[PDB]
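As stored in coords-v3.txt (compact mmCIF, C-alpha atoms):
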# COMPACT_ATOMS: atom_id res chain seq x y z
CA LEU A 6 -44.11 5.22 38.96
CA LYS A 7 -43.21 1.77 37.65
CA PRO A 8 -45.77 -0.36 35.77
CA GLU A 9 -45.88 -2.83 38.68
CA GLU A 10 -45.90 -0.09 41.33
CA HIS A 11 -49.04 1.37 39.75
CA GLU A 12 -50.97 -1.90 39.49
CA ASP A 13 -50.09 -2.66 43.14
CA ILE A 14 -52.01 0.55 43.98
CA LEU A 15 -54.89 -0.06 41.59
CA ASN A 16 -55.63 -3.53 42.95
CA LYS A 17 -55.86 -2.19 46.50
CA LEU A 18 -58.75 0.12 45.69
CA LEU A 19 -60.50 -2.94 44.31
CA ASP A 20 -61.49 -3.66 47.92
CA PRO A 21 -64.60 -1.55 48.63
CA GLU A 22 -64.10 -2.04 52.36
CA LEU A 23 -60.87 -0.04 52.22
CA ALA A 24 -60.44 2.45 55.07
CA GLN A 25 -61.24 5.96 53.79
CA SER A 26 -57.85 7.23 54.98
CA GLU A 27 -55.83 4.59 53.08
CA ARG A 28 -58.05 5.20 50.05
CA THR A 29 -57.56 8.98 50.13
CA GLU A 30 -53.79 8.64 50.54
CA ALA A 31 -53.56 6.06 47.75
CA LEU A 32 -55.51 8.38 45.46
CA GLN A 33 -53.13 11.11 46.62
CA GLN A 34 -50.23 8.93 45.46
CA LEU A 35 -51.94 8.58 42.09
CA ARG A 36 -52.33 12.36 41.88
CA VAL A 37 -48.76 13.35 42.76
CA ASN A 38 -47.39 10.56 40.57
CA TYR A 39 -49.51 11.47 37.54
CA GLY A 40 -48.53 15.10 38.08
CA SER A 41 -44.88 14.04 38.32
CA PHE A 42 -44.93 12.17 35.02
CA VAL A 43 -46.84 14.94 33.25
CA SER A 44 -44.05 17.28 34.37
CA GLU A 45 -41.37 14.78 33.33
CA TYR A 46 -43.00 14.20 29.95
CA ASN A 47 -43.34 17.91 29.23
CA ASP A 48 -39.70 18.38 30.20
CA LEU A 49 -38.84 15.66 27.69
CA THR A 50 -40.83 17.32 24.92
CA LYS A 51 -39.02 20.60 25.64
CA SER A 52 -35.62 18.87 25.76
CA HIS A 53 -36.32 16.89 22.60
CA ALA A 54 -37.30 20.21 21.05
CA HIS A 55 -33.89 21.60 22.00
CA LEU A 56 -31.90 18.75 20.48
CA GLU A 57 -33.98 19.09 17.32
CA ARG A 58 -32.98 22.74 17.06
CA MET A 59 -29.31 22.15 17.77
CA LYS A 60 -29.43 19.46 15.10
CA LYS A 61 -30.84 22.03 12.70
CA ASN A 62 -27.94 24.37 13.47
CA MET A 63 -25.18 21.78 13.46
CA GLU A 64 -26.19 20.65 10.00
CA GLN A 65 -25.89 24.20 8.68
CA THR A 66 -22.50 24.46 10.38
CA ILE A 67 -21.20 21.22 8.88
CA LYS A 68 -22.39 22.19 5.38
CA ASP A 69 -20.74 25.60 5.62
CA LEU A 70 -17.57 23.90 6.82
CA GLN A 71 -17.65 21.52 3.84
CA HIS A 72 -17.91 24.51 1.51
CA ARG A 73 -15.17 26.36 3.36
CA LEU A 74 -13.15 23.15 3.11
CA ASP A 75 -13.72 22.60 -0.62
CA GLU A 76 -12.46 25.99 -1.69
CA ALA A 77 -9.57 25.78 0.76
CA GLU A 78 -8.58 22.47 -0.86
CA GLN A 79 -8.49 24.04 -4.31
CA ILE A 80 -6.75 27.21 -3.16
CA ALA A 81 -3.94 24.93 -1.99
CA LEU A 82 -3.86 23.43 -5.49
CA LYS A 83 -2.31 26.65 -6.85
CA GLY A 84 1.37 25.67 -6.91
CA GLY A 85 4.04 25.05 -4.30
CA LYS A 86 7.25 27.05 -4.58
CA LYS A 87 7.81 26.75 -8.33
CA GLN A 88 4.50 28.06 -9.67
CA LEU A 89 4.69 30.90 -7.15
CA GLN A 90 7.73 32.63 -8.56
CA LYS A 91 6.67 31.57 -12.06
CA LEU A 92 3.97 34.27 -11.71
CA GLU A 93 6.62 36.96 -11.27
CA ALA A 94 8.00 35.71 -14.57
CA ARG A 95 4.60 36.78 -15.80
CA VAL A 96 4.17 40.09 -13.94
CA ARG A 97 7.09 41.62 -15.80
CA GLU A 98 6.66 39.76 -19.03
CA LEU A 99 3.60 42.01 -18.85
CA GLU A 100 5.16 45.19 -17.43
CA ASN A 101 7.31 45.04 -20.52
CA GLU A 102 4.40 44.92 -22.97
CA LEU A 103 2.58 47.42 -20.75
CA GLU A 104 5.07 50.19 -21.52
CA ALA A 105 6.03 48.93 -25.00
CA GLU A 106 2.40 49.17 -26.14
CA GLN A 107 2.03 52.64 -24.65
CA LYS A 108 5.45 53.95 -25.66
CA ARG A 109 4.72 53.01 -29.27
CA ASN A 110 1.21 54.49 -29.11
CA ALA A 111 2.36 57.77 -27.52
CA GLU A 112 4.86 57.76 -30.35
CA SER A 113 2.07 57.04 -32.86
CA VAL A 114 0.29 60.33 -32.02
CA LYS A 115 3.68 62.04 -31.96
CA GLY A 116 3.15 60.85 -35.53
CA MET A 117 -0.39 62.30 -35.30
CA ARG A 118 0.67 65.93 -35.13
CA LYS A 119 3.98 65.29 -36.90
CA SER A 120 1.52 64.49 -39.66
CA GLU A 121 -0.71 67.55 -39.00
CA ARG A 122 2.26 69.89 -39.12
CA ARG A 123 2.34 69.14 -42.85
CA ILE A 124 -1.30 68.31 -43.81
CA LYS A 125 -2.06 71.87 -42.66
CA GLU A 126 1.18 73.02 -44.27
CA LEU A 127 0.20 71.31 -47.53
CA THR A 128 -3.09 73.19 -47.51
CA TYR A 129 -1.13 76.44 -47.23
CA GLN A 130 0.75 75.25 -50.29
CA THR A 131 -2.19 73.83 -52.26
CA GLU A 132 -3.95 77.18 -52.34
CA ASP A 133 -1.33 79.82 -53.12
CA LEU A 134 -0.04 77.49 -55.83
CA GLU A 135 -3.54 77.36 -57.30
CA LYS A 136 -3.56 81.15 -56.94
CA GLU A 137 -0.42 81.53 -59.08
CA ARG A 138 -1.77 78.97 -61.53
CA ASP A 139 -5.00 80.95 -61.74
CA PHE A 140 -3.01 84.17 -62.34
CA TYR A 141 -1.01 82.76 -65.24
CA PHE A 142 -4.18 81.21 -66.65
CA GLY A 143 -5.77 84.64 -66.51
CA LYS A 144 -2.91 86.19 -68.47
CA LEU A 145 -2.90 83.20 -70.79
CA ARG A 146 -6.55 83.47 -71.80
CA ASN A 147 -6.47 87.26 -72.11
CA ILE A 148 -3.68 86.71 -74.62
CA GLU A 149 -5.59 83.80 -76.08
CA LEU A 150 -8.77 85.85 -76.40
CA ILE A 151 -6.69 88.31 -78.41
CA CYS A 152 -5.09 85.55 -80.54
CA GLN A 153 -8.58 84.67 -81.72
CA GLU A 154 -10.40 87.06 -84.09
CA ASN A 155 -7.07 87.56 -85.89
CA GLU A 156 -6.94 83.88 -86.90
CA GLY A 157 -7.42 85.07 -90.48
CA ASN A 159 -3.27 84.43 -90.81
CA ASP A 160 -0.41 86.42 -89.27
CA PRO A 161 2.79 84.28 -89.15
CA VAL A 162 3.82 85.56 -85.70
CA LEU A 163 0.30 85.17 -84.34
CA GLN A 164 0.27 81.69 -85.87
CA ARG A 165 3.36 80.63 -83.89
CA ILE A 166 1.87 82.20 -80.74
CA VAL A 167 -1.38 80.28 -81.39
CA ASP A 168 0.71 77.15 -81.91
CA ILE A 169 2.17 77.86 -78.45
CA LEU A 170 -1.27 78.36 -76.87
CA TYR A 171 -2.32 74.77 -77.67
CA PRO B 5 -53.24 10.50 27.24
CA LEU B 6 -56.02 12.47 28.95
CA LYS B 7 -55.42 15.84 30.63
CA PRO B 8 -54.89 15.99 34.44
CA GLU B 9 -58.30 17.64 35.00
CA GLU B 10 -59.98 14.54 33.56
CA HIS B 11 -57.67 12.32 35.61
CA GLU B 12 -58.73 14.40 38.59
CA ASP B 13 -62.50 14.21 38.16
CA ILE B 14 -61.95 10.48 37.70
CA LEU B 15 -60.07 10.46 41.01
CA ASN B 16 -63.12 12.11 42.61
CA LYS B 17 -65.25 9.17 41.53
CA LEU B 18 -63.20 6.84 43.73
CA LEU B 19 -63.28 8.61 47.11
CA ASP B 20 -67.01 7.90 47.41
CA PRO B 21 -67.02 5.50 50.42
CA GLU B 22 -69.63 3.19 48.86
CA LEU B 23 -69.64 3.84 45.11
CA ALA B 24 -71.16 1.23 42.78
CA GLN B 25 -68.52 -1.50 42.44
CA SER B 26 -68.90 -1.77 38.66
CA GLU B 27 -68.11 1.94 38.39
CA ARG B 28 -65.09 1.40 40.64
CA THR B 29 -63.68 -1.36 38.43
CA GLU B 30 -64.46 0.79 35.36
CA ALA B 31 -62.56 3.71 36.86
CA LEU B 32 -59.53 1.66 37.89
CA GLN B 33 -59.48 0.11 34.43
CA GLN B 34 -59.60 3.59 32.91
CA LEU B 35 -56.62 4.60 35.02
CA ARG B 36 -54.58 1.50 34.13
CA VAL B 37 -55.22 1.86 30.41
CA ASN B 38 -54.47 5.58 30.47
CA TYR B 39 -51.23 4.94 32.34
CA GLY B 40 -50.27 2.19 29.91
CA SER B 41 -50.79 4.68 27.09
CA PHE B 42 -48.84 7.45 28.83
CA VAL B 43 -46.00 5.02 29.50
CA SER B 44 -45.88 3.76 25.94
CA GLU B 45 -45.91 7.24 24.38
CA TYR B 46 -43.27 8.35 26.86
CA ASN B 47 -41.14 5.33 25.93
CA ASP B 48 -41.50 6.41 22.31
CA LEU B 49 -40.38 9.93 23.20
CA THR B 50 -37.47 8.47 25.17
CA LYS B 51 -36.51 6.37 22.12
CA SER B 52 -36.65 9.40 19.79
CA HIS B 53 -34.84 11.62 22.28
CA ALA B 54 -32.06 9.08 22.79
CA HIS B 55 -31.72 9.04 19.02
CA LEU B 56 -31.02 12.77 18.83
CA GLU B 57 -28.48 12.26 21.60
CA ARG B 58 -26.62 9.84 19.35
CA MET B 59 -26.71 11.87 16.17
CA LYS B 60 -25.53 14.85 18.23
CA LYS B 61 -22.36 12.98 19.19
CA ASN B 62 -21.80 11.99 15.56
CA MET B 63 -22.18 15.54 14.26
CA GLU B 64 -20.10 17.08 17.05
CA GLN B 65 -17.26 14.77 16.06
CA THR B 66 -17.76 15.60 12.40
CA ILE B 67 -17.35 19.32 12.96
CA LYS B 68 -14.23 18.65 15.05
CA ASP B 69 -13.06 16.65 12.05
CA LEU B 70 -13.87 19.26 9.39
CA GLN B 71 -12.49 22.20 11.38
CA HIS B 72 -9.17 20.45 11.80
CA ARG B 73 -9.00 19.50 8.12
CA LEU B 74 -9.86 23.07 7.21
CA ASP B 75 -7.01 24.43 9.29
CA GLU B 76 -4.67 21.90 7.70
CA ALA B 77 -5.56 23.07 4.20
CA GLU B 78 -5.37 26.71 5.24
CA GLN B 79 -1.88 25.93 6.55
CA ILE B 80 -0.66 23.99 3.51
CA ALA B 81 -1.86 26.79 1.25
CA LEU B 82 -0.36 29.41 3.52
CA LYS B 83 3.00 27.63 3.73
CA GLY B 84 3.11 27.34 -0.04
CA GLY B 85 2.90 31.12 -0.30
CA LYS B 86 -0.75 32.13 -0.48
CA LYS B 87 -0.66 35.80 0.40
CA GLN B 88 2.21 36.61 -1.94
CA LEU B 89 0.86 34.33 -4.66
CA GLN B 90 -2.58 35.92 -4.84
CA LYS B 91 -0.89 39.31 -4.55
CA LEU B 92 0.82 38.45 -7.83
CA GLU B 93 -2.53 37.49 -9.37
CA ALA B 94 -3.73 40.87 -8.15
CA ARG B 95 -0.99 42.42 -10.25
CA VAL B 96 -1.10 40.06 -13.24
CA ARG B 97 -4.77 40.82 -13.85
CA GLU B 98 -4.29 44.57 -13.25
CA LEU B 99 -1.47 44.74 -15.77
CA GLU B 100 -3.40 42.58 -18.24
CA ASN B 101 -6.25 45.05 -17.77
CA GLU B 102 -4.54 48.37 -18.46
CA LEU B 103 -2.36 46.72 -21.12
CA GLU B 104 -5.61 45.66 -22.75
CA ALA B 105 -6.71 49.29 -22.36
CA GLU B 106 -3.68 50.64 -24.24
CA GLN B 107 -3.83 47.89 -26.85
CA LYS B 108 -7.38 49.13 -27.51
CA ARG B 109 -6.64 52.86 -27.71
CA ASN B 110 -3.50 52.13 -29.78
CA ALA B 111 -5.53 49.90 -32.07
CA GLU B 112 -7.92 52.85 -32.57
CA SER B 113 -5.56 55.75 -33.38
CA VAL B 114 -3.46 53.42 -35.50
CA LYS B 115 -6.73 52.59 -37.29
CA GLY B 116 -8.11 56.06 -37.85
CA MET B 117 -4.98 57.91 -38.83
CA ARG B 118 -3.06 55.96 -41.45
CA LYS B 119 -6.69 56.39 -42.26
CA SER B 120 -5.73 60.14 -41.81
CA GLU B 121 -2.59 60.46 -43.74
CA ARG B 122 -3.83 59.12 -47.07
CA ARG B 123 -4.82 62.77 -47.18
CA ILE B 124 -1.16 63.83 -47.34
CA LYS B 125 -0.64 61.25 -50.09
CA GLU B 126 -3.59 63.00 -51.70
CA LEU B 127 -2.73 66.59 -50.74
CA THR B 128 0.84 66.10 -51.96
CA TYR B 129 -0.66 64.96 -55.25
CA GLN B 130 -2.80 68.10 -55.31
CA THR B 131 0.28 70.26 -54.78
CA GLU B 132 2.23 68.79 -57.67
CA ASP B 133 -0.24 68.67 -60.51
CA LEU B 134 -1.38 72.19 -59.62
CA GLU B 135 2.29 73.07 -59.53
CA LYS B 136 2.59 71.50 -62.99
CA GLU B 137 -0.27 73.65 -64.32
CA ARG B 138 1.49 76.72 -62.92
CA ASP B 139 4.89 75.81 -64.31
CA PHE B 140 3.11 74.83 -67.50
CA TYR B 141 1.20 78.06 -68.07
CA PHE B 142 4.17 80.19 -67.05
CA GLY B 143 6.29 78.30 -69.53
CA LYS B 144 3.92 79.06 -72.39
CA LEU B 145 3.70 82.69 -71.34
CA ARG B 146 7.47 83.11 -71.30
CA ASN B 147 7.61 81.23 -74.60
CA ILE B 148 5.35 83.83 -76.16
CA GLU B 149 7.49 86.52 -74.53
CA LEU B 150 10.53 85.16 -76.32
CA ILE B 151 8.64 85.21 -79.62
CA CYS B 152 7.88 88.88 -78.99
CA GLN B 153 11.58 89.52 -78.42
CA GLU B 154 12.24 87.70 -81.70
CA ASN B 155 10.36 90.30 -83.72
CA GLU B 156 12.20 92.66 -86.07
CA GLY B 157 9.33 95.05 -86.75
CA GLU B 158 7.69 97.45 -84.32
CA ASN B 159 4.82 95.83 -82.45
CA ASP B 160 1.69 95.59 -84.58
CA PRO B 161 -1.19 96.85 -82.32
CA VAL B 162 -2.24 93.26 -81.57
CA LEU B 163 1.27 92.10 -80.69
CA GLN B 164 1.75 95.36 -78.77
CA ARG B 165 -1.31 94.54 -76.65
CA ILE B 166 -0.05 90.99 -76.12
CA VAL B 167 3.39 92.28 -75.10
CA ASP B 168 1.69 94.78 -72.79
CA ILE B 169 -0.03 91.83 -71.13
CA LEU B 170 3.30 90.02 -70.88
CA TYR B 171 4.21 91.70 -67.63
CA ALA B 172 3.48 89.75 -64.45

Take the structure in the file and write it out as structure tokens.
Amino acid sequence: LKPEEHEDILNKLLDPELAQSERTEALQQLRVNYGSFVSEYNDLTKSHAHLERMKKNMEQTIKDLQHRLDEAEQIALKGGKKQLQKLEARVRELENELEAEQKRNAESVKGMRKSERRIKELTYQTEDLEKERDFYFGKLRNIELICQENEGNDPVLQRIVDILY
Amino acid sequence: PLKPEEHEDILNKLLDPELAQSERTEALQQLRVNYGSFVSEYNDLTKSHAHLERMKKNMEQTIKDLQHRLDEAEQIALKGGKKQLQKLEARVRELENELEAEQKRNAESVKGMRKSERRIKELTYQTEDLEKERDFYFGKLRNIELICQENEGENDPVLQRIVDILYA
């Protein structure tokens, strides 16, 4: 009810000689009207509550959009048609070095057991050679053990001794 | 803004056919004040509510803006080759990766095996001074042998023993 439309009811109960019927029906008006605006008000608090929620969800949307926009603006910064196919000038400036630095490595351990086929061959040689050396040293110092004692002074034994040292 | 039960038990204090007039005026005043309050607070809620209505139209238009812009960017990127471009960056980084891998493993068994074949350059050494010793001792032996073949007299017991050794 309007502000005026209320007052016009309130200043008609002011008369204490008001017929009980008119009184009861005026009070009825007050009741249904007050009920009506309680209902309306509550509806407005529920509706206002709705907008407040939608506002809470539309903000989160907007924000997300901004983010999704930002990245999408910088993704489009990555070259038109020239920087595109420049990358393929990279992908096989790499595929080159990719095989070159695995062809040369694979080779380098071809060098690994090219090198072992002789470092284990040069152990087979370093031992039998030392065996022969040891043999001739054995003979040498048998002979040399004999060339002692008789130092006092056979000419022939003196030239052999001269050979021994 | 009193609850409707209170409004009601007020409304019961007005149907009394001959209530004290002062109480009647008091009641009606109560009603008018309460209604004034209800109206004002409702006008406040109407003000606030109308506000949200406005900032809902502003935000709805903003989204409609952003969305469009987004599409635009997603189209400009896509028309400039986005799927093929990134697909190259998928390969560039992969190749960089395994190339790095093989640079690493190469760097290692190029490190620890010219680190390995100083041994040859040592072993070789070992097989040529030893050799020398051999070819040295032998020499001397054969030298003595020649001296024993340069003897006119029959082998004196000592020289006979030495000659007897000189078989190998």

Nearest-residue call for residue 116 in chain A, choices B:113, B:153, B:90, B:128, using only C-alpha atoms
B:113

Take CA of residue 14 in chain A and CA of residue 45 in chain B and report the distance between them in Å, one decimal.
21.6 Å

Quick one: distance from CA of residue 166 in chain B to CA of residue 148 in chain A in Å, one decimal?
5.8 Å

Anything within 10 Å of (-1.9, 64.0, -40.8): list those residues as a JSON list (two decimals) with C-alpha atoms, in the coordinates of the input, counting all atoms listed in the file and sticking to the file's coordinates.
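Output file part33.json is given in full below:
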[["chain", "number", "residue", "atom", "x", "y", "z"],
["A", 114, "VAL", "CA", 0.29, 60.33, -32.02],
["A", 116, "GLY", "CA", 3.15, 60.85, -35.53],
["A", 117, "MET", "CA", -0.39, 62.30, -35.30],
["A", 118, "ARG", "CA", 0.67, 65.93, -35.13],
["A", 119, "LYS", "CA", 3.98, 65.29, -36.90],
["A", 120, "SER", "CA", 1.52, 64.49, -39.66],
["A", 121, "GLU", "CA", -0.71, 67.55, -39.00],
["A", 122, "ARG", "CA", 2.26, 69.89, -39.12],
["A", 123, "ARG", "CA", 2.34, 69.14, -42.85],
["A", 124, "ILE", "CA", -1.30, 68.31, -43.81],
["A", 125, "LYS", "CA", -2.06, 71.87, -42.66],
["B", 117, "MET", "CA", -4.98, 57.91, -38.83],
["B", 118, "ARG", "CA", -3.06, 55.96, -41.45],
["B", 119, "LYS", "CA", -6.69, 56.39, -42.26],
["B", 120, "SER", "CA", -5.73, 60.14, -41.81],
["B", 121, "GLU", "CA", -2.59, 60.46, -43.74],
["B", 122, "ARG", "CA", -3.83, 59.12, -47.07],
["B", 123, "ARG", "CA", -4.82, 62.77, -47.18],
["B", 124, "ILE", "CA", -1.16, 63.83, -47.34],
["B", 125, "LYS", "CA", -0.64, 61.25, -50.09]]

Tell me, as a PyMOL selection string, which residues lie within 8 Å of range 56-72 of chain B, counting only C-alpha atoms; anything in the same chain fewer than 6 positions away does not count.
chain A and resi 53+56-57+60+63-64+66-67+70-71+74

Can you list, as a ChimeraX atom specification, every protein, DNA or RNA residue that comes within 12 Å of residue 43 in chain B when you count only C-alpha atoms, leaving out same-chain residues fewer than 6 positions away?
/A:6-8,11,39,42-43,45-46 /B:5,35-37,49-50

Pull out every residue of chain B that has at least one atom within 7 Å of chain A, counting only C-alpha atoms, and report them as an MDAnalysis selection string.
chainID B and resid 15 19 21:22 29 32 46 53 56 60 63 67 70 74 77:78 80:81 84 89 92 95:96 99 103 106:107 110 124 127:128 130:131 134:135 137:138 141:142 144:145 148 166 169

Please determine, counting all atoms listed in the file, which residue among B:170, B:105, B:132, B:97 has the shortest atom-to-atom distance to residue 146 in chain B.
B:170

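Here CA of residue 37 in chain A and CA of residue 13 in chain A stand 16.1 Å from one another.
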
Output file request: range 34-45 of chain A, with N, CA and C atoms, as a PDB file, in the first residue's frame.
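The result, stored in result_25.pdb:
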ATOM      1  N   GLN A  34      -7.886  -4.989   5.991  1.00  0.00           N
ATOM      2  CA  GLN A  34      -7.047  -4.382   4.962  1.00  0.00           C
ATOM      3  C   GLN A  34      -5.609  -4.257   5.444  1.00  0.00           C
ATOM      4  N   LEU A  35      -5.443  -3.760   6.666  1.00  0.00           N
ATOM      5  CA  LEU A  35      -4.110  -3.614   7.241  1.00  0.00           C
ATOM      6  C   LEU A  35      -3.391  -4.956   7.305  1.00  0.00           C
ATOM      7  N   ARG A  36      -4.134  -6.008   7.643  1.00  0.00           N
ATOM      8  CA  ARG A  36      -3.551  -7.340   7.785  1.00  0.00           C
ATOM      9  C   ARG A  36      -3.094  -7.922   6.446  1.00  0.00           C
ATOM     10  N   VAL A  37      -3.982  -7.910   5.454  1.00  0.00           N
ATOM     11  CA  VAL A  37      -3.642  -8.464   4.146  1.00  0.00           C
ATOM     12  C   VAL A  37      -2.569  -7.640   3.447  1.00  0.00           C
ATOM     13  N   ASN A  38      -2.577  -6.331   3.678  1.00  0.00           N
ATOM     14  CA  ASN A  38      -1.571  -5.452   3.100  1.00  0.00           C
ATOM     15  C   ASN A  38      -0.194  -5.662   3.733  1.00  0.00           C
ATOM     16  N   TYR A  39      -0.150  -5.717   5.062  1.00  0.00           N
ATOM     17  CA  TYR A  39       1.106  -5.970   5.762  1.00  0.00           C
ATOM     18  C   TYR A  39       1.659  -7.344   5.385  1.00  0.00           C
ATOM     19  N   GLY A  40       0.779  -8.337   5.304  1.00  0.00           N
ATOM     20  CA  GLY A  40       1.175  -9.653   4.828  1.00  0.00           C
ATOM     21  C   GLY A  40       1.767  -9.586   3.427  1.00  0.00           C
ATOM     22  N   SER A  41       1.063  -8.880   2.541  1.00  0.00           N
ATOM     23  CA  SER A  41       1.486  -8.672   1.158  1.00  0.00           C
ATOM     24  C   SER A  41       2.885  -8.079   1.037  1.00  0.00           C
ATOM     25  N   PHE A  42       3.180  -7.064   1.846  1.00  0.00           N
ATOM     26  CA  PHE A  42       4.485  -6.424   1.744  1.00  0.00           C
ATOM     27  C   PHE A  42       5.573  -7.185   2.499  1.00  0.00           C
ATOM     28  N   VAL A  43       5.196  -8.015   3.467  1.00  0.00           N
ATOM     29  CA  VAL A  43       6.176  -8.940   4.034  1.00  0.00           C
ATOM     30  C   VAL A  43       6.590  -9.945   2.956  1.00  0.00           C
ATOM     31  N   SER A  44       5.599 -10.509   2.266  1.00  0.00           N
ATOM     32  CA  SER A  44       5.866 -11.432   1.164  1.00  0.00           C
ATOM     33  C   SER A  44       6.738 -10.778   0.097  1.00  0.00           C
ATOM     34  N   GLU A  45       6.342  -9.585  -0.343  1.00  0.00           N
ATOM     35  CA  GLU A  45       7.091  -8.857  -1.366  1.00  0.00           C
ATOM     36  C   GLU A  45       8.536  -8.597  -0.934  1.00  0.00           C
TER      37      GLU A  45
END
